[PDB]
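A short write-up of the structure that comes next.
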Amino acid sequence: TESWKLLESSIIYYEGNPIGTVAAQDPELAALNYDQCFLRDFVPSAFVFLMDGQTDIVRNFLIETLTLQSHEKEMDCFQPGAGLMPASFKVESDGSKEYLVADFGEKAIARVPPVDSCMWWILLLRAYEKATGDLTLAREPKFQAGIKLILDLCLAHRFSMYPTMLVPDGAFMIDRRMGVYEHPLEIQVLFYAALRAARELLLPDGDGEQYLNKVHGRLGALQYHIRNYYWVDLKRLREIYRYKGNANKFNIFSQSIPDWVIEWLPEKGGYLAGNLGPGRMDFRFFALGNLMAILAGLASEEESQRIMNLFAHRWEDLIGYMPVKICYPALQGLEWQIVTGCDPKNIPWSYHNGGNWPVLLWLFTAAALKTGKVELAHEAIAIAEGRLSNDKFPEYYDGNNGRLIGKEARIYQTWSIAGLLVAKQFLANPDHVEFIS
Amino acid sequence: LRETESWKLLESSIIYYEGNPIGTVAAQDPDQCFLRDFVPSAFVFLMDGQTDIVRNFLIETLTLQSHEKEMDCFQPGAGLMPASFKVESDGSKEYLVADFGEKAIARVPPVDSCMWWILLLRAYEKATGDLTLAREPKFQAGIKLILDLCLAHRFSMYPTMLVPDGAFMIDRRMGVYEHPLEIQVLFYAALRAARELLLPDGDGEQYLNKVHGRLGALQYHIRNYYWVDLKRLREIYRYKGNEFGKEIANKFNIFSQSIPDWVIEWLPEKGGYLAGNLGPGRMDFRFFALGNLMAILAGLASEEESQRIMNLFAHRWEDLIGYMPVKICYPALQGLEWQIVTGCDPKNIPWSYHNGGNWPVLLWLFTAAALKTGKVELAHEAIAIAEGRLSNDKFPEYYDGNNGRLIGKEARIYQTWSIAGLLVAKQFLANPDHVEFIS
Amino acid sequence: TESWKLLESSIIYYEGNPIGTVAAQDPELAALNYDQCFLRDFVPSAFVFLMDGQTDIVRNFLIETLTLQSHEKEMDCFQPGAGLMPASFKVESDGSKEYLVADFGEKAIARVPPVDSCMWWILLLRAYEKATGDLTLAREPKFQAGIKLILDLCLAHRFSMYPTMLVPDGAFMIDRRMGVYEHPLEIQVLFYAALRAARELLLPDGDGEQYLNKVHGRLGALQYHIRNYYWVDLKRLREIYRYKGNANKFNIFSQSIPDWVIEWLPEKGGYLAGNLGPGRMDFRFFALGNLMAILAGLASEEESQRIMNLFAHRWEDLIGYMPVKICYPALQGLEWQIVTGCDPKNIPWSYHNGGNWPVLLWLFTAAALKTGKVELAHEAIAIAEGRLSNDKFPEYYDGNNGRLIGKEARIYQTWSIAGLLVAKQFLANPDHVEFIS
Ligand SMILES: OC[C@H]1O[C@H](O)[C@H](O)[C@@H](O)[C@@H]1O
Ligand SMILES: OC[C@H]1O[C@H](O)[C@H](O)[C@@H](O)[C@@H]1O
Ligand SMILES: OC[C@H]1O[C@H](O)[C@H](O)[C@@H](O)[C@@H]1O
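Protein chains in written order, with the entry's author numbering: chain A, 14 to 259, 266 to 456; chain C, 11 to 40, 48 to 456; chain A', 14 to 259, 266 to 456. A prime marks a further copy of an entry chain.
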């Protein structure tokens with residue numbers, strides 16, 4: 014079919030071998046960095062290849078990125094943690110020899126750190142092991158060392174009383190300044206998910222035993238903290254609205276609860292908030308964080324049900340014309356200005372700021388399946404299928420309900436293409452959902 | 011239909027000049050004849066068969082054109098028609114006095130008045146069968162003088178007609194300057210009429226050549242650049258800014274971030290409309306009813322395009338028709354935009370008058386367009402709504418509010434074209450062949 | 014000196030001959046259309062060459078543009094008036110042959126019409142005749158025909174009761190949407206100035222006699238209308254503020276007089292307003308319109324004095340760090356949005372919207388000289404000289420007082436360079452001011 018053929022065209026070969034897929038195949042626009050392979054972008058590609066049985070590419074991807082981990086990465090005589098995985102890479106030729114060049118954030122726009130990338134790497138490594146049955150790769154000293162360098166960076170002692178992870182703005186899939194600084198849901202959910210993965214991956218050698226305990230320790234803390242403090246429902250909103258200023268551990272002034280939240284939430288709906296920090300709660304709903312919370316089992320069974328109840332009751336908002344809304348609602352007017360620095364790629368209901376992202380369909384489908392809401396997966400896929408092909412698989416969609424093709428969206432965006440495929444594969448064989456859960 | 015209340019108010023409205031009927035007053039609110054206002058009145062009379070008044074009207078208004086008018090030490094184009102005229106008595110004789118814009122509030126020029134004159138002449142012709150009138154040397158000269166002004170050479174590459182703000186039914190500053198839809202549509206319609214009405218005799222062939230050239234360029238321009246639907250909207254939203262060259266998509270440099278949020282949500286999948294205005298760096302996305310409805314009747318819109326406009330009305334019935342047909346334009350300018358665009362004009366406050374008001378007269382255009390596209394149920398529902406209020410409300414000039422719940426703030430009562438509007442619409446409904454006069 | 018050498022480098026040769034100067038010599042930025050010769054840009058260049066005695070270039074410029082007038086210009090099967098001069102032109106090669114390509118507005122951004130260009134052409138033709146003493150050029154049938162085609166376009170009967178000229182937005186030096194639609198001062202002043210020029214240029218043959226009368230007729234009307242209706246001073250503001258709604268011929272609601280105007284105007288200051296139309300008066304101050312009104316003698320003697328009194332009392336606003344402010348004040352916030360269509364090149368105090376333009380120094384100097392305010396010319400030139408060279412002659416400056424180098428300004432902008440030169444030439448020999456007056 015059309016989609017498989019596009020996916021194969023996106024494949025990047027290195028020394029005769031396939032090692033990844035390009036971000037997009039848009040002929041008209043500037044190559045920019047979309048000719049590169051992004052670690053976060055490759056995940057849904059990997060899943061298609063894993064399910065198809067052609068696993069070489071995923072193995073090689075993991076081997077090459079592990080080697081990139083060891084590359085030299087710096088800006089102005091300062092090195093980040095050694096475990097840092099890159100945002101993306103591409104294949105360059107100096108005459109006859111081929112070599113890999115990575116962007117670890119020293120080339121990236123706004124110099125954002127690709128914090129979710131080392132998380133996805135660990136998750137994908139686990140996904141690869143479960144899908145193939147190849148235990149050989151994770152056992153090697155190289156990979157054990159690489160997992161450990163990541164954990165060193167994650168579990169490093171920081172100035173905080175909480176087990177969450179502190180990041181600058183634009184740390185995850187949202188790579189632009191969007192007020193997702195401090196402790197955004199996505200990073201915490203993926204952090205948790207990566208810690209869970211690390212348990213089966215870490216060999217319990219003398220050194221490893223030290224790591225597994227730290228992992229198990231943080232997993233517990235992290236789950237308590239996210240479920241008790243990030244969780245939002247009407248019951249919880251009533252509690253927060255009545256809190257005293259200066266029980267409230269984060270000093271939330273109830274006048275700082277938005278109007279829209281109260282009217283938006285159905286009685287049986289709920290979700291994990293976007294962010295938590297001193298004097299601050301981000302009541303914006305972030306899709307990927309919430310769906311992965313379901314998949315990774317971070318959310319409880321009821322909480323998972325309440326999230327899908329929320330998608331059901333607020334379908335136009337969160338799915339509309341193109342699944343899935345990245346976050347809701349959009350920053351608008353002056354708020355857009357202060358929070359994003361007048362970032363013109365993120366105008367209201369566009370891109371990170373309220374846009375609709377096809378790739379997220381694969382997470383929505385998995386999470387719908389895990390919670391038994393099959394009808395919702397059918398409808399979301401039906402919606403996506405009706406437009407994507409005709410629209411040439413746009414990177415994103417814009418507007419309250421995703422009616423517009425994204426303002427600066429690239430066409431033939433690989434994870435949009437891969438997102439649809441993976442969602443159809445899950446629908447055909449729901450047991451494959453185990454790989455991401 | 012002559013026994014009915016409306017007809018009686020219409021007969022009362024008639025102005026007489028030396029024992030001859032020449033027009034109708036704007037209102038009988040407890048005055049003078051506006052050229053644009055007379056059109057619906059004329060339509061009722063012609064269908065009923067009283068044509069002497071329409072004929073006399075065209076004669077008298079043609080004579081006024083030749084009158085010498087000036088502002089200060091400068092005189093404007095010879096072919097300019099007046100906004101209105103009235104009968105002032107010497108005491109010993111009756112004579113006609115005209116307002117060509119030199120007496121008008123805001124000193125605006127009535128461009129549409131000339132348009133409507135030509136259209137009414139054709140309307141006269143096609144209803145009576147009388148060809149003699151338009152063929153008279155006087156009328157040929159009159160038509161030509163109007164064409165001289167419309168076909169005035171331009172500095173720009175736009176085949177549209179350049180005008181100042183408030184140059185049509187909206188006679189007050191409303192941000193309708195430059196290239197407003199209504200004017201372009203009536204311009205097109207006036208050119209069409211000029212194809213039949215003009216004689217190739219003498220200088221006639223030279224005029225027909227300029228007319229035919231413009232009709233094509235103008236039709237192409239409006240359909241390709243003013244037309245708005247989701248498909249087209251998606252293209253514009255993805256335009257890159259600051260494109261320079263002969264072959265480029267964004268010829269008018271529209272910045273997508275400037276496109277309002279309401280438009281995206283307002284359009285139905287199967288609906289569409291022609292934009293309010295188009296100029297350098299600007300697109301007015303406001304829906305304008307008279308321009309859009311005339312674009313259907315004059316055949317300026319294609320068949321599909323005409324269907325897609327009526328789909329919009331149906332899908333957005335409360336916004337466009339609501340309590341009183343028909344919303345003059347949507348949406349209202351509000352807050353700081355109303356200030357900047359209208360100059361804090363207290364008569365055009367949000368959802369009032371020109372700025373989002375509902376105007377009875379527009380019902381006849383809506384009915385005509387409904388019939389022509391075969392959506393009769395819409396004309397019927399529209400007439401039903403209007404019929405239920407007007408008589409009781411004493412036929413107000415317009416209505417105010419998002420949906421026209423309020424009677425117009427400064428609306429005149431017993432407004433003639435409000436009355437005529439309803440009569441015309443009913444006459445079209447009874448005999449849909451009468452729609453051929455404006456098409 | 015540095016400036017002469019830069020000016021010569023800008024010179025454009027055609028078939029071995031110099032025919033004009035490029036807009037800018039900025040190496041780093043995209044060539045765009047700044048590699049072209051703009052008719053409005055060439056004027057201050059021409060003046061330098063006229064004063065230097067090397068006049069060939071100006072003669073050839075006029076001959077070539079006259080030929081361009083006769084070129085085919087259209088968009089979508091519609092032709093503008095035959096007299097339309099182009100915005101700009103450049104030299105192209107098809108192998109060995111060289112040919113001229115013009116932009117008449119069918120290539121221009123936003124499709125703006127270069128209405129001021131045919132005006133400057135006539136003015137420059139007159140300037141050339143007076144400076145050189147060459148009466149040969151304007152007498153030729155070609156040039157008489159060309160002047161006449163322009164007049165046909167200008168004096169064409171339009172739907173208006175006034176003698177002013179109706180234009181779309183972006184018709185003059187301000188080539189972007191800036192609320193200068195309808196009847197902007199600049200067009201009216203230049204129109205007047207061009208009509209005055211046409212009197213000495215038009216041969217009084219049988220055909221010409223018909224033209225001269227129309228010219229003389231319009232000159233009178235136009236001057237009355239501009240002086241009586243556009244003129245602004247406190248006396249006039251008091252009159253307008255007390256006007257009744259619905266004496267007031269343009270229906271100006273006194274609540275639509277801005278606050279800033281009243282406080283801004285000194286007792287002995289005055290100016291010609293930016294625009295006049297139905298229900299509308301643009302109280303913004305536009306520099307070029309006002310200065311040319313002085314030069315062309317459109318303004319009276321006292322009115323000219325009151326304009327310079329205004330520059331003197333409001334020097335920081337209108338001159339500040341870089342002469343001269345193009346218009347004051349800037350459109351801001353929401354007003355910028357509605358009026359300019361969120362045009363990012365025209366953000367507040369930037370470019371057309373409140374920017375400071377070096378080129379305008381040559382008009383300021385001429386107008387200061389004509390009115391006897393020599394000290395003001397010295398100071399304005401002193402100010403300009405201190406920055407321009409070091410800044411590499413930026414196209415424009417930004418900010419309330421022109422502290423910033425213009426946001427997207429090109430460097431080595433020819434009319435910035437030429438502007439300074441012409442202003443120094445005028446200061447050295449004030450009798451040369453006659454050429455533009
Ligand atoms: O498609 C590759 C990249 O595109 C954009 O930069 C997205 O914001 C980022 O999340 C993605 O990884
Ligand atoms: O009824 C006479 C006039 O009334 C109002 O002024 C309307 O704005 C105008 O369109 C109409 O022609
Ligand atoms: O410098 C050439 C051109 O540059 C910019 O486009 C200016 O707005 C314009 O006035 C000038 O003619």
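Think of the CB as a built atom: it goes at the ideal place given N, C-alpha and C, for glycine as much as any other residue.
Review point. Does the beta-carbon of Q236 of chain A have 16 or more other beta-carbons within 10 angstroms, so that it is buried, or is it exposed?
Key: Within the first sequence, the letter at position 223 stands for residue 236 of chain A. Result: buried.
Review point. When the Cα of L97 of chain C is compared with those of C:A140, C:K103 and C:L52, which residue comes out closest?
Key: Position 80 of the second sequence holds residue 97 of chain C. The shortest C-alpha separation from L97 of chain C is found at C:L52.
Check your understanding: Taking DSSP as the reference, what is the three-state secondary structure of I32 of chain C?
Key -> Position 22 of the second sequence, counted from the start, is the residue given in the question as residue 32 of chain C. Here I32 of chain C sits in strand by DSSP.
Point to revise | Contacts around residue 262 of chain A', its chain only, beta-carbon distance under 7 Å, and the 5 residues preceding and following it disregarded | key: Along chain A', the last residue before the gap is 259 and the first after it is 266, so residue 262 of chain A' carries no coordinates.
Practice item. Please classify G316 of chain A: does DSSP put it in a helix, a strand, or coil? Key: Locating residue 316 of chain A in the first sequence gives position 297, where the first residue counts as 1. In this structure, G316 of chain A counts as coil in the three-state DSSP scheme.
Check your understanding: Alpha carbon to alpha carbon, how far is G183 of chain A' from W368 of chain A'?
Key -> Counting from one through the third sequence, the residue named residue 183 of chain A' turns up at place 170. Counting from one through the third sequence, the residue named residue 368 of chain A' turns up at place 349. Each residue's alpha carbon lies about 17 Å from the other.
Exercise for review: Indicate whether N73 of chain C and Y27 of chain C have their beta-carbon atoms separated by less than 9 Å.
Suggested key: Looking up residue 73 of chain C in the second sequence gives position 56. Looking up residue 27 of chain C in the second sequence gives position 17. The answer is yes: Cβ separation under 9 Å.
Review point. So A396 of chain C is in the beta strand (DSSP E); what residue range does that whole segment cover?
Key: Position 379 of the second sequence, counted from the start, is the residue given in the question as residue 396 of chain C. From DSSP, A396 of chain C is part of no beta strand (DSSP E) but of the alpha helix (DSSP H) over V393 to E404.
**Study point:** Option nearest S323 of chain A by Cα separation, candidates A:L388, A:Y370, A:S101 and A:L208
**Key:** On the first sequence, position 304 is the one that residue 323 of chain A refers to. Comparing Cα-Cα distances from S323 of chain A to each of A:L388, A:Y370, A:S101 and A:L208, the minimum goes to A:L388.
Check your understanding: Does the pairing of the region 295–313 of chain A' with the region 339–354 of chain A' give three or more beta-carbon distances under 8 Å?
Key -> yes
Review point. According to the neighbour-count rule (16 or more other Cβ atoms, all chains shown, within 10 Å of its Cβ), is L42 of chain A buried or exposed?
Key: Counting from one through the first sequence, the residue named residue 42 of chain A turns up at place 29. The residue is exposed, with fewer than 16 neighbouring Cβ atoms inside 10 Å.
**Study point:** Any non-hydrogen atom of ligand 3 closer than 8 Å to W434 of chain A' Cβ
**Key:** Taking the third sequence and counting its residues from 1, the one referred to as residue 434 of chain A' is at position 415. True, at least one ligand heavy atom lies under 8 Å from that Cβ.
Review point. What are the boundary residues of the alpha helix (DSSP H) that includes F156 of chain A'?
Key: Reading the third sequence from its first residue, position 143 is the one you call residue 156 of chain A'. Looking at the DSSP string, the run of the alpha helix (DSSP H) that includes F156 of chain A' is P154 to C167.
**Study point:** Integer Cβ distance of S275 of chain C from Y254 of chain C, believed to fall under 8 Å
**Key:** Along the second sequence, read from residue 1 onward, the residue named residue 275 of chain C stands at position 258. Along the second sequence, read from residue 1 onward, the residue named residue 254 of chain C stands at position 237. So it is not a contact: roughly 10 Å between Cβ atoms.
**Study point:** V245 of chain A - DSSP class collapsed to helix/strand/coil
**Key:** One-based indexing of the first sequence puts residue 245 of chain A at position 232. Strand.
Check your understanding: Residues bridged to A115 of chain C by DSSP?
Key -> Translated into positions along the second sequence, residue 115 of chain C becomes position 98. C:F102.
Check your understanding: What's the gap between the Cα of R406 of chain A' and the Cα of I25 of chain A'?
Key -> Mapped onto the third sequence, residue 406 of chain A' falls at position 387. Mapped onto the third sequence, residue 25 of chain A' falls at position 12. Computed Cα separation, rounded: 27 Å.
Practice item. Could you please give the first and the last residue of the uninterrupted alpha helix (DSSP H) stretch that includes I25 of chain C? Key: Taking the first residue of the second sequence as position 1, residue 25 of chain C is located at position 15. No alpha helix (DSSP H) contains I25 of chain C, which is instead part of the beta strand (DSSP E) from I24 to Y27.
Practice item. Determine, using beta carbons only, whether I265 of chain C comes closer than 9 Å to chain A. Key: Within the second sequence, numbered from 1, the residue matching residue 265 of chain C stands at position 248. For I265 of chain C, the answer is no, since every Cβ of chain A falls outside 9 Å of its Cβ.
Practice item. Starting from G418 of chain A, find everything on chain C with Cβ-Cβ shorter than 7 Å and list it in chain order. Key: In the first sequence, the residue the question calls residue 418 of chain A occupies position 399. Near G418 of chain A (Cβ distances below 7 Å), the residues of chain C are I281.
**Study point:** Residue nearest to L81 of chain A in terms of C-alpha spacing, selected from A:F156, A:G221 and A:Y340
**Key:** The residue you call residue 81 of chain A lines up with position 68 of the first sequence. Minimum Cα distance to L81 of chain A is reached at A:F156.
Review point. Among residues of its own chain, excluding the 5 on either side of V128 of chain C, which ones have a beta-carbon nearer than 7 Å to its beta-carbon?
Key: As a position in the second sequence, residue 128 of chain C is number 111, starting the count at 1. The answer, listed in chain order, is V180, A184, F185 and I200.
Review point. If the cut is a Cβ gap below 9 Å, which residues of chain C does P363 of chain A touch?
Key: As a first step, residue 363 of chain A is located in the first sequence; it is residue number 344 there, counting from the start. What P363 of chain A touches in chain C: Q274.
Review point. What does the shell around ligand 2 hold, if a residue joins when its beta-carbon is under 6 Å from any heavy atom?
Key: C:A36, C:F51, C:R53, C:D54, C:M186 and C:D188
Check your understanding: ligand 1 heavy atoms versus the CB of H196 of chain C: any closer than 8 Å?
Key -> Here residue 196 of chain C corresponds to residue number 179 of the second sequence, with the count starting at 1. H196 of chain C: no, Cβ never under 8 Å from ligand 1.
Point to revise | Rounded separation between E87 of chain A and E119 of chain A - CA only | key: Taking the first residue of the first sequence as 1, we reach residue 87 of chain A at position 74. Taking the first residue of the first sequence as 1, we reach residue 119 of chain A at position 106. Taking the straight line joining both Cα atoms gives about 7 Å.
Review point. What does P197 of chain A pair with, by DSSP beta-bridge criteria?
Key: As a first step, residue 197 of chain A must be located in the first sequence, where it is residue number 184. DSSP output for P197 of chain A lists A:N294 as bridge partner(s).
**Study point:** Local Cβ density within 10 Å of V358 of chain C, reported as buried at 16 or more and exposed below that
**Key:** As a working mapping, residue 358 of chain C is identified with position 341 in the second sequence. So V358 of chain C ends up on the buried side.
Check your understanding: What is the rounded straight-line gap between the Cα of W134 of chain A and the Cα of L75 of chain A?
Key -> If you number the first sequence from 1, residue 134 of chain A lands on position 121. If you number the first sequence from 1, residue 75 of chain A lands on position 62. Roughly 7 Å between the two C-alpha positions.
Practice item. Give the C-beta separation of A144 of chain A' and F454 of chain A' to the nearest angstrom, bearing in mind that I take them to be a contact with Cβ-Cβ under 8 Å. Key: The residue you call residue 144 of chain A' lines up with position 131 of the third sequence. The residue you call residue 454 of chain A' lines up with position 435 of the third sequence. The pair is a contact, with the Cβ atoms about 5 Å apart (cut-off 8 Å).
Check your understanding: To the nearest whole angstrom, what separates the beta carbons of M300 of chain A and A312 of chain A, a pair I think is in contact under 8 Å?
Key -> Position 281 of the first sequence, counted from the start, is the residue given in the question as residue 300 of chain A. Position 293 of the first sequence, counted from the start, is the residue given in the question as residue 312 of chain A. That belief does not hold up - the Cβ atoms of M300 of chain A and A312 of chain A are roughly 17 Å apart, past 8 Å.
Practice item. Would you mind working out which of A':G425, A':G339 and A':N365 sits nearest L350 of chain A', comparing C-alpha positions? Key: As a working mapping, residue 350 of chain A' is identified with position 331 in the third sequence. Comparing Cα-Cα distances from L350 of chain A' to each of A':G425, A':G339 and A':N365, the minimum goes to A':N365.
Check your understanding: Cβ-heavy atom distance between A100 of chain A and ligand 1 below 8 Å?
Key -> Position 87 of the first sequence, counting from 1, holds the residue named residue 100 of chain A. Under cutoff, so the answer is yes.
**Study point:** Chain-order list of residues whose beta-carbon lies under 6 Å from that of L314 of chain A (same chain, five-residue window excluded)
**Key:** Counting from 1 along the first sequence, the entry for residue 314 of chain A is found at position 295. The answer, listed in chain order, is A385, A386, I455 and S456.
Review point. Just checking my contact of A36 of chain A' with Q49 of chain A' at CB under 8 Å: how many whole Å lie between their CB atoms?
Key: Reading the third sequence from its first residue, position 23 is the one you call residue 36 of chain A'. Reading the third sequence from its first residue, position 36 is the one you call residue 49 of chain A'. The pair is a contact, with the Cβ atoms about 6 Å apart (cut-off 8 Å).
Check your understanding: Would you say the beta carbon of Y431 of chain A comes nearer than 8 Å to a heavy atom of ligand 1?
Key -> Indexing the first sequence from 1 puts residue 431 of chain A at position 412. No, the Cβ of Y431 of chain A stays beyond 8 Å of every heavy atom of ligand 1.
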